[PDB]
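Asker: Pasting an experimental structure, sequence included:
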Amino acid sequence: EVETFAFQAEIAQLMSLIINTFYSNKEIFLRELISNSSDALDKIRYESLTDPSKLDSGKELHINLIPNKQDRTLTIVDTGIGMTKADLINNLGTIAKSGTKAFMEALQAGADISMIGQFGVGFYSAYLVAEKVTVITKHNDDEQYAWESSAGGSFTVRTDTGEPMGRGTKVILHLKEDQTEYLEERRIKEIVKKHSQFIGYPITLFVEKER
Ligand SMILES: CCc1c(O)cc(O)c(C(=O)c2ccc(OCCN3CCOCC3)c(OC)c2)c1CC(=O)N(CCOC)CCOC
């Protein structure tokens, strides 16, 4: 019931670089995940133009940011197009991406890690701040799946039994011990304002009552 997959070698190499390189500007992970959510929302909106029943799984197009200081998790959920199981396996770890090698070669030539999203691999910037990432996703054409990886060269995929999501993708960042600033309301607001000011979907930052 839990399938384990190896990352393609260049993706494993990229994840190691992101994990081991000294780089203080870690807040760009949030811009990259919000960007991915925006792209997925653009896609379901586009498909709904010619087939409105594709919104039968939910008409609201939005992005929610949910910090949990108890679990030490930051969750990003969107109601975009979501991913099939094949989407997860093909595009979240087993296949090359010409952008993966291009990015590592650009880094070799002096580029900055913050350029990662130009190479189509911005998701992996999550590993700047997370020791483990869980991705829960639901596409209209498939069931709900959970992808998960703590790097180390492998990821798992399983059918997900948790709260049904309707449609979309939820990224759960299990934060590293020294990266808990990204659970603070003021810090998240600062990052969204700086980097995601023009995203064309409502971004709601959930709050927590103190301890
Ligand atoms: C976990 C990262 C993430 C996220 O944080 C929030 C999200 O909502 C989703 C999505 O569900 C999503 C679904 C479809 C998308 O676009 C389909 C068409 N395009 C055409 C060009 O070529 C690619 C597909 C898409 O665009 C960003 C995102 C994802 C997944 C994701 O970003 N992926 C890109 C690769 O990451 C390394 C995986 C996409 O597999 C389909």
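Answerer: Looks like it arrived, so ask away. Residues are numbered from 1 along each chain as shown.
Asker: what sits up against the lengthiest helix in the chain?
Answerer: The residue-count maximum for a helix in the chain (DSSP state H) belongs to helix 28-50. Contact partners of helix 28-50, identified using CB atoms under 8 Å, 6 or more residues apart in numbering, comprise 54-55, 61-63, 65, 76, 78-82, 113-114, 116-117, 122-123, 125-126, 128-130, 167-169, 171, 173, 182, 188, 191-192, 195-196, 199-201, 203. To be clear about C-beta, it is placed using only N, CA and C from the backbone, and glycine gets the same treatment.
Asker: Take these and, keeping just the buried ones, write it as a ChimeraX select command.
Answerer: With 16 or more other CB atoms under 10 Å as the criterion, this ChimeraX line picks the buried residues out of the contacts of helix 28-50:
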select :54,55,61,62,63,65,76,78,79,80,81,82,113,114,116,117,122,123,125,126,128,129,130,167,168,169,171,173,182,188,191,192,195,196,199,201,203
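Asker: List the ones among the contacts of helix 28-50 that fall in strands.
Answerer: 63, 65, 76, 78, 130, 168-169, 171, 173, 203 (DSSP state E).
Asker: If we check the ligand, which of those are in contact?
Answerer: Contacts with the ligand within the ones in strands among the contacts of helix 28-50, as defined by CB under 6 Å from any ligand atom: 78, 169, 171.
Asker: ok now do the closest residue to residue 41 other than its chain neighbours, which residues does it touch?
Answerer: Distances taken as CB to CB, 6 or more residues apart in numbering put residue 80 closest to residue 41, at 4.2 Å, once the chain neighbours are dropped. Residues in contact with residue 80, defined by CB under 8 Å, 6+ apart, are 37, 39-44, 61, 167-169.
Asker: any idea how far residue 80 lies from the ligand?
Answerer: For residue 80, the distance to the ligand (CB to the nearest ligand atom, to the nearest Å) stands at 4 Å.
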